[PDB]
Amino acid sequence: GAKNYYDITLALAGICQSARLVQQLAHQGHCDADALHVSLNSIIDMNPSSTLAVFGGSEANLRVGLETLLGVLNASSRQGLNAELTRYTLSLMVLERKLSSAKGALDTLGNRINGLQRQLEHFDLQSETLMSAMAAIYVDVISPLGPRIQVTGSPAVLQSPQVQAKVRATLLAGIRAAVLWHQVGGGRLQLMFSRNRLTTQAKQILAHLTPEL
């Protein structure tokens, strides 16, 4: 309800989970299938009753994001594989701010997302058809609002249109988490001023998820 770090940490973890799945897809051509399922579902899972409900109601569904958030906030090379994750997280945050400023854009986005029912009737969420349809929302509605997010990895892997579609759909999940992040009190300054609170909160959730350790 009132602004709190538990909810802000969860929404940031959703942004970071998109960043990490993109990195996996760009280098390997495949990613954590359970995490991708959670992130893609967050796009279509209508009228959530809490922040955690966006991600299916269980903290375990954000494990990838919560681990990623720890390195994005505290790992400080501006280089290495870890720095790719920071670049993607910040680029999604920048693009979301452009989206939320652009008159009519969030309305267009919602209408396009609900229109995925045109294909969901016949095809599963993780199918090529749906991945392509999700990618087209990102490319048609969001990406034009700034210079492209630069995705690198294995150049030949990234030549696959199926990989490109999975990457764009995962970016759309990242934008959707960034909208939530701002709705629950996150933002540029709040992040500058709360890196430890967020880090501590993420490590507490990861401990809660691991009673055997």
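When you see a residue number, it is the position in the sequence shown, counting from 1.
- The stretch 40 to 48 shows the higher mean C-alpha B-factor when 165 to 173 is compared against 40 to 48 in the entry.
- Looking at 4 to 12 and 204 to 212 together, the entry lists the larger mean B-factor for 204 to 212, computed on C-alpha atoms.
- Per the deposited record, 103 carries the highest C-alpha B-factor of all listed residues (112, 118, 103, 97).
- You'll see in the entry that, of 92, 139, 131, 81, the Cα B factor peaks at 81.
- Annotation for residue 31: CA B-factor lies in the highest third of the chain's modelled residues.
- Residue 56: CA B factor in the middle third of modelled residues in this chain (values from the PDB entry).
- The entry lists a Cα temperature factor for residue 180 that places it in the middle third of the chain's modelled residues.
- Among the modelled residues of the chain, residue 65 sits in the lowest third by CA temperature factor in this PDB entry.
- Annotation for residue 145: CA B-factor lies in the highest third of the chain's modelled residues.
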